[PDB]
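K.L.:
Here's a structure for you.
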Amino acid sequence: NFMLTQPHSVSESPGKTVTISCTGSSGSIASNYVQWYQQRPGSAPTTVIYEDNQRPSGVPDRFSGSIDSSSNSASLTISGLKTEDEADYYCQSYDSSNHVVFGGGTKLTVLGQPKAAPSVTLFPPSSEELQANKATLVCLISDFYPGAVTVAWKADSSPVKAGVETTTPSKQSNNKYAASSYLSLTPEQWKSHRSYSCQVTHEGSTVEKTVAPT
Amino acid sequence: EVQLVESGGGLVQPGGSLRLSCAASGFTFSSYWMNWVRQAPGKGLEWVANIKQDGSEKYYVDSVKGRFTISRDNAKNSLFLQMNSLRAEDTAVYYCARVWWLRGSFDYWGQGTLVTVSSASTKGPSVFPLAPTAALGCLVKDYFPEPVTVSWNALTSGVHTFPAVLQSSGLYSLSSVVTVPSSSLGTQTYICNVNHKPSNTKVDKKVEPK
């Protein structure tokens, strides 16, 4: 019944300190050794802490593992943060039944660039798609930092409530973030409105583009 | 070097069966416990099963009990995972992992193999032009499974192929755009190279301003 819980996300500026907790549930954190892994996008996890506080060779000492028996928790402290530290971090240990319990994971973001408003491009359905009895609105979001945006669609200024598909933002090749949002419609529904708008809100500032059936 | 190479992953309808294999190399395979651990797309790591260094005892996560079987062949340095009654929940990249001892650290992993359990069948995409310094692109729509490469090689001021979305249908959609001067439109011819190898789909599309 043992269980480990981590904060969903954590963030800080380069050169400062974060602490990712690993709270044990229905069990005892001190019963079994605790490990920490740093997995990055498109890579297999690698160990940063094993056996509560041991550091594999090469791992810098900025990474430190500790155990809090009082609160039944373990923590990985990362000081002197570098942008290269941006990754997913997982704790794991064992229960009483010879099972491997992994933590939920924590997304650590290192904010090492100035804020950047998103560049937005909106595309109406093509004639070739409408000829195939379909209609997809493509909204393209790029070059925003940090990578937290919310996307809203609006048909004749009324918020679209169905048929929206939005990607989770991903980091581009220039360390900016990019996302896509799709509004699927019928030829019927497309030609029944006079304007569509993709509204991207980033840090309390909104960038929007409008298309209109011709 | 220590190397764990997974193989045998692919796509299966709900209720089917698949068998993974892990080729071990660079160490005494028969001396170590071995693990299977999976990571659903964009989610956390979940341990599946482990096996003693000599197959004497096996342990499973409760969600796969009665459906999954871990096994090993120490003479051929092989680790297997036989999956039956596969569900869409089991969709994940399955990692072959060696643990340093029974209560040690997962010190060696493979690159993983992707198991997809979906009611969606292998479908080719529909490529539409995103007609318009201006921006124009191609829309790769409804297509399964991944991946698809897009190319415009017709010089551009810049290209960006966006990561695919998984729609509510279970099919993916992808977009890629280029940047070009706002007058080269009616002059230059801009062509995107869409290629979906899982469905033998290669499409070439001129993107022209409507």
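All residue names refer to the structure tokens as shown: chains lettered A, B, ... in order, residues numbered from 1 in each chain, ligands numbered from 1 in order.
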Mind listing as a VMD selection string which residues of chain B are within 9 Å of chain A, counting only C-alpha atoms?

P.N.:
chain B and resid 43 to 50 59 to 61 95 102 to 112 126 to 132 135 to 136 139 160 162 to 168 173 to 175 177 210

K.L.:
Produce a file of the selected residues containing C-alpha atoms, as a JSON list (two decimals), in the first residue's frame.

P.N.:
[["chain", "number", "residue", "atom", "x", "y", "z"],
["B", 43, "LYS", "CA", 3.24, 10.76, -17.81],
["B", 44, "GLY", "CA", 5.28, 9.31, -14.97],
["B", 45, "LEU", "CA", 7.27, 6.11, -14.59],
["B", 46, "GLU", "CA", 5.36, 3.02, -13.44],
["B", 47, "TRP", "CA", 7.13, -0.21, -12.49],
["B", 48, "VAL", "CA", 5.66, -3.29, -14.16],
["B", 49, "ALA", "CA", 7.54, -6.39, -13.02],
["B", 50, "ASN", "CA", 10.88, -7.73, -11.81],
["B", 59, "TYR", "CA", 6.72, -9.83, -8.78],
["B", 60, "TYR", "CA", 4.19, -7.75, -10.70],
["B", 61, "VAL", "CA", 2.27, -4.51, -10.34],
["B", 95, "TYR", "CA", 11.93, 0.18, -20.46],
["B", 102, "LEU", "CA", 17.14, -6.22, -4.83],
["B", 103, "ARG", "CA", 16.86, -2.86, -3.01],
["B", 104, "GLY", "CA", 19.32, -0.87, -5.14],
["B", 105, "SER", "CA", 19.10, 1.74, -7.87],
["B", 106, "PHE", "CA", 17.92, 1.26, -11.45],
["B", 107, "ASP", "CA", 21.42, 1.93, -12.78],
["B", 108, "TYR", "CA", 21.05, 0.83, -16.43],
["B", 109, "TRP", "CA", 18.15, 1.42, -18.81],
["B", 110, "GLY", "CA", 17.35, 0.78, -22.44],
["B", 111, "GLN", "CA", 16.07, 3.25, -24.99],
["B", 112, "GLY", "CA", 12.63, 1.66, -24.61],
["B", 126, "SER", "CA", -4.91, 13.80, -45.29],
["B", 127, "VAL", "CA", -2.54, 16.58, -46.39],
["B", 128, "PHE", "CA", -4.10, 20.02, -46.89],
["B", 129, "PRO", "CA", -2.30, 23.26, -47.79],
["B", 130, "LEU", "CA", -2.35, 26.14, -45.32],
["B", 131, "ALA", "CA", -2.74, 28.92, -47.85],
["B", 132, "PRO", "CA", -1.55, 32.42, -46.75],
["B", 135, "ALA", "CA", 3.34, 32.37, -43.53],
["B", 136, "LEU", "CA", 2.15, 29.19, -45.25],
["B", 139, "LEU", "CA", -1.75, 20.30, -42.42],
["B", 160, "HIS", "CA", 8.92, 25.05, -38.00],
["B", 162, "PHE", "CA", 4.94, 21.56, -34.83],
["B", 163, "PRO", "CA", 4.61, 18.49, -32.60],
["B", 164, "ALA", "CA", 1.56, 16.36, -33.30],
["B", 165, "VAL", "CA", -1.66, 16.52, -31.30],
["B", 166, "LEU", "CA", -3.67, 13.43, -30.32],
["B", 167, "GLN", "CA", -7.27, 14.38, -31.01],
["B", 168, "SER", "CA", -10.31, 13.08, -29.16],
["B", 173, "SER", "CA", -2.73, 15.76, -36.38],
["B", 174, "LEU", "CA", 0.39, 17.75, -37.27],
["B", 175, "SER", "CA", 1.21, 21.13, -38.82],
["B", 177, "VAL", "CA", 4.83, 26.18, -41.64],
["B", 210, "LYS", "CA", -6.12, 31.03, -52.67]]

K.L.:
Can you pull out every residue within 8 Å of stretch 65-75 of chain B, counting only C-alpha atoms, but drop anything in the same chain fewer than 5 positions away, and send it as a compact mmCIF listing (two decimals) with N, CA, C and O atoms, in the first residue's frame?

P.N.:
# COMPACT_ATOMS: atom_id res chain seq x y z
N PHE B 29 24.80 -11.30 -17.10
CA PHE B 29 23.35 -11.18 -17.02
C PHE B 29 22.77 -11.99 -15.87
O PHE B 29 21.86 -11.53 -15.17
N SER B 30 23.30 -13.20 -15.65
CA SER B 30 22.76 -14.11 -14.65
C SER B 30 23.02 -13.68 -13.21
O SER B 30 22.61 -14.40 -12.29
N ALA B 49 7.20 -5.09 -13.58
CA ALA B 49 7.54 -6.39 -13.02
C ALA B 49 9.05 -6.49 -12.86
O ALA B 49 9.82 -5.78 -13.50
N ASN B 50 9.47 -7.41 -11.98
CA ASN B 50 10.88 -7.73 -11.81
C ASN B 50 11.04 -9.23 -11.64
O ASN B 50 10.08 -9.95 -11.33
N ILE B 51 12.26 -9.70 -11.86
CA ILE B 51 12.57 -11.13 -11.80
C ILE B 51 13.93 -11.31 -11.14
O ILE B 51 14.86 -10.54 -11.38
N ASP B 54 17.93 -15.47 -11.26
CA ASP B 54 17.84 -16.83 -11.79
C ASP B 54 16.39 -17.25 -12.03
O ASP B 54 16.11 -18.45 -12.06
N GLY B 55 15.47 -16.30 -12.18
CA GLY B 55 14.08 -16.61 -12.44
C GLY B 55 13.34 -17.28 -11.30
O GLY B 55 12.21 -17.74 -11.51
N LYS B 58 9.16 -13.95 -9.12
CA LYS B 58 8.73 -12.83 -9.95
C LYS B 58 7.66 -12.04 -9.21
O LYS B 58 6.82 -12.61 -8.50
N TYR B 60 4.88 -8.55 -9.71
CA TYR B 60 4.19 -7.75 -10.70
C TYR B 60 3.42 -6.62 -10.02
O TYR B 60 3.03 -6.73 -8.85
N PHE B 80 12.22 -11.20 -21.13
CA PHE B 80 10.98 -11.14 -21.87
C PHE B 80 9.85 -10.58 -21.01
O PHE B 80 9.88 -10.66 -19.78
N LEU B 81 8.86 -10.01 -21.69
CA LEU B 81 7.60 -9.61 -21.05
C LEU B 81 6.47 -10.03 -21.98
O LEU B 81 6.29 -9.45 -23.05
N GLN B 82 5.73 -11.06 -21.59
CA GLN B 82 4.60 -11.54 -22.36
C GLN B 82 3.33 -10.87 -21.83
O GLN B 82 2.97 -11.06 -20.66
N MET B 83 2.67 -10.10 -22.68
CA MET B 83 1.46 -9.37 -22.30
C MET B 83 0.24 -9.99 -22.97
O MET B 83 0.22 -10.16 -24.19
N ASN B 84 -0.77 -10.30 -22.16
CA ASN B 84 -2.04 -10.80 -22.65
C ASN B 84 -3.16 -9.89 -22.15
O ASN B 84 -3.01 -9.17 -21.17
N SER B 85 -4.29 -9.95 -22.86
CA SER B 85 -5.46 -9.12 -22.54
C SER B 85 -5.08 -7.65 -22.45
O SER B 85 -5.50 -6.93 -21.54
N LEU B 86 -4.27 -7.20 -23.41
CA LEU B 86 -3.76 -5.84 -23.40
C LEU B 86 -4.89 -4.82 -23.40
O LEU B 86 -5.90 -5.00 -24.09

K.L.:
Output as a PyMOL selection string all residues of stretch 41-204 of chain A that backbone DSSP marks as strand (DSSP E).

P.N.:
chain A and resi 46-49+63-68+73-78+87-94+100-102+106-110+119-123+135-144+150-155+158-159+164-166+170-171+177-185+196-202

K.L.:
Could you tell me how far atom CA of residue B:89 lies from atom CA of residue B:17, in Å and to one decimal?

P.N.:
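Here the two named atoms are 13.8 Å from each other.
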
K.L.:
I'd like the interatomic distance between atom CA of residue B:137 and atom CA of residue B:152, to a tenth of an Å.

P.N.:
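Between atom CA of residue B:137 and atom CA of residue B:152 the gap is 9.5 Å.
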
K.L.:
Out of stretch 52-206 of chain B, which residues get helix (DSSP H, G or I) from DSSP, as a ChimeraX atom specification?

P.N.:
/B:62-64,88-90,197-199

K.L.:
I need the residues from that last selection saved to file as a compact mmCIF listing (two decimals), in the first residue's frame (with N, CA and C atoms), if you can.

P.N.:
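Printed below is again_19.txt as written:
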# COMPACT_ATOMS: atom_id res chain seq x y z
N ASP B 62 -0.03 -4.66 -9.58
CA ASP B 62 -1.34 -5.30 -9.48
C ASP B 62 -2.16 -5.14 -10.76
N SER B 63 -1.95 -4.06 -11.51
CA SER B 63 -2.75 -3.81 -12.70
C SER B 63 -2.41 -4.74 -13.86
N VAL B 64 -1.35 -5.54 -13.76
CA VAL B 64 -0.97 -6.48 -14.81
C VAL B 64 -1.02 -7.92 -14.34
N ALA B 88 -5.83 -0.39 -23.38
CA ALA B 88 -5.30 0.91 -23.76
C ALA B 88 -4.54 1.59 -22.62
N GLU B 89 -4.84 1.22 -21.36
CA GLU B 89 -4.05 1.72 -20.24
C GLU B 89 -2.59 1.32 -20.36
N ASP B 90 -2.33 0.13 -20.89
CA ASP B 90 -0.96 -0.37 -20.99
C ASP B 90 -0.13 0.36 -22.04
N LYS B 197 5.44 6.64 -42.95
CA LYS B 197 5.95 5.29 -43.23
C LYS B 197 5.05 4.18 -42.68
N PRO B 198 4.44 4.30 -41.49
CA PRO B 198 3.53 3.22 -41.02
C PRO B 198 2.37 2.90 -41.95
N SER B 199 1.98 3.81 -42.84
CA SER B 199 0.87 3.56 -43.76
C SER B 199 1.29 3.67 -45.22

K.L.:
Between atom CA of residue A:208 and atom CA of residue A:152, what is the spacing in Å?

P.N.:
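About the pair atom CA of residue A:152 and atom CA of residue A:208: they are 9.2 Å apart.
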
K.L.:
Extract, using only C-alpha atoms, all DNA, RNA and protein residues at most 6 Å from stretch 188-205 of chain A, discarding same-chain residues fewer than 3 positions from it, and format them as a list in words.

P.N.:
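Using only C-alpha atoms, the neighbours found are residues 149, 150, 151, 152, 153, 154, 155, 156, 185, 208, 209, 210, 211 and 212 of chain A.
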
K.L.:
Mind writing the picked residues with N, CA and C atoms as a PDB file, in the first residue's frame?

P.N.:
ATOM      1  N   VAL A 149       0.870  28.828 -21.693  1.00  0.00           N
ATOM      2  CA  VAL A 149      -0.141  29.584 -22.419  1.00  0.00           C
ATOM      3  C   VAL A 149      -1.483  28.887 -22.254  1.00  0.00           C
ATOM      4  N   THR A 150      -2.555  29.664 -22.375  1.00  0.00           N
ATOM      5  CA  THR A 150      -3.907  29.132 -22.430  1.00  0.00           C
ATOM      6  C   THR A 150      -4.563  29.619 -23.717  1.00  0.00           C
ATOM      7  N   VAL A 151      -5.343  28.745 -24.348  1.00  0.00           N
ATOM      8  CA  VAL A 151      -5.855  28.973 -25.694  1.00  0.00           C
ATOM      9  C   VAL A 151      -7.375  29.015 -25.640  1.00  0.00           C
ATOM     10  N   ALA A 152      -7.959  30.037 -26.262  1.00  0.00           N
ATOM     11  CA  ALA A 152      -9.404  30.190 -26.329  1.00  0.00           C
ATOM     12  C   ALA A 152      -9.829  30.428 -27.769  1.00  0.00           C
ATOM     13  N   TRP A 153     -10.908  29.770 -28.174  1.00  0.00           N
ATOM     14  CA  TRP A 153     -11.486  29.959 -29.494  1.00  0.00           C
ATOM     15  C   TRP A 153     -12.842  30.638 -29.367  1.00  0.00           C
ATOM     16  N   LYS A 154     -13.234  31.329 -30.432  1.00  0.00           N
ATOM     17  CA  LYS A 154     -14.418  32.176 -30.399  1.00  0.00           C
ATOM     18  C   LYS A 154     -14.987  32.260 -31.809  1.00  0.00           C
ATOM     19  N   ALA A 155     -16.260  31.882 -31.969  1.00  0.00           N
ATOM     20  CA  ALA A 155     -16.978  31.980 -33.237  1.00  0.00           C
ATOM     21  C   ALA A 155     -17.987  33.119 -33.148  1.00  0.00           C
ATOM     22  N   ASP A 156     -17.795  34.146 -33.972  1.00  0.00           N
ATOM     23  CA  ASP A 156     -18.564  35.386 -33.871  1.00  0.00           C
ATOM     24  C   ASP A 156     -18.526  35.925 -32.442  1.00  0.00           C
ATOM     25  N   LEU A 185     -14.380  21.586 -37.487  1.00  0.00           N
ATOM     26  CA  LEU A 185     -15.740  22.000 -37.764  1.00  0.00           C
ATOM     27  C   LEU A 185     -16.250  21.265 -38.989  1.00  0.00           C
ATOM     28  N   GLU A 208      -4.087  37.558 -30.236  1.00  0.00           N
ATOM     29  CA  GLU A 208      -5.185  36.922 -30.948  1.00  0.00           C
ATOM     30  C   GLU A 208      -5.130  37.260 -32.430  1.00  0.00           C
ATOM     31  N   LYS A 209      -5.614  36.321 -33.239  1.00  0.00           N
ATOM     32  CA  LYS A 209      -5.767  36.492 -34.674  1.00  0.00           C
ATOM     33  C   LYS A 209      -7.182  36.098 -35.062  1.00  0.00           C
ATOM     34  N   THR A 210      -7.685  36.720 -36.123  1.00  0.00           N
ATOM     35  CA  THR A 210      -9.055  36.517 -36.564  1.00  0.00           C
ATOM     36  C   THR A 210      -9.074  36.115 -38.031  1.00  0.00           C
ATOM     37  N   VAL A 211      -9.909  35.129 -38.356  1.00  0.00           N
ATOM     38  CA  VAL A 211     -10.170  34.736 -39.732  1.00  0.00           C
ATOM     39  C   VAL A 211     -11.657  34.901 -39.997  1.00  0.00           C
ATOM     40  N   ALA A 212     -12.002  34.984 -41.282  1.00  0.00           N
ATOM     41  CA  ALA A 212     -13.379  35.163 -41.690  1.00  0.00           C
ATOM     42  C   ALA A 212     -13.615  34.380 -42.976  1.00  0.00           C
TER      43      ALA A 212
END
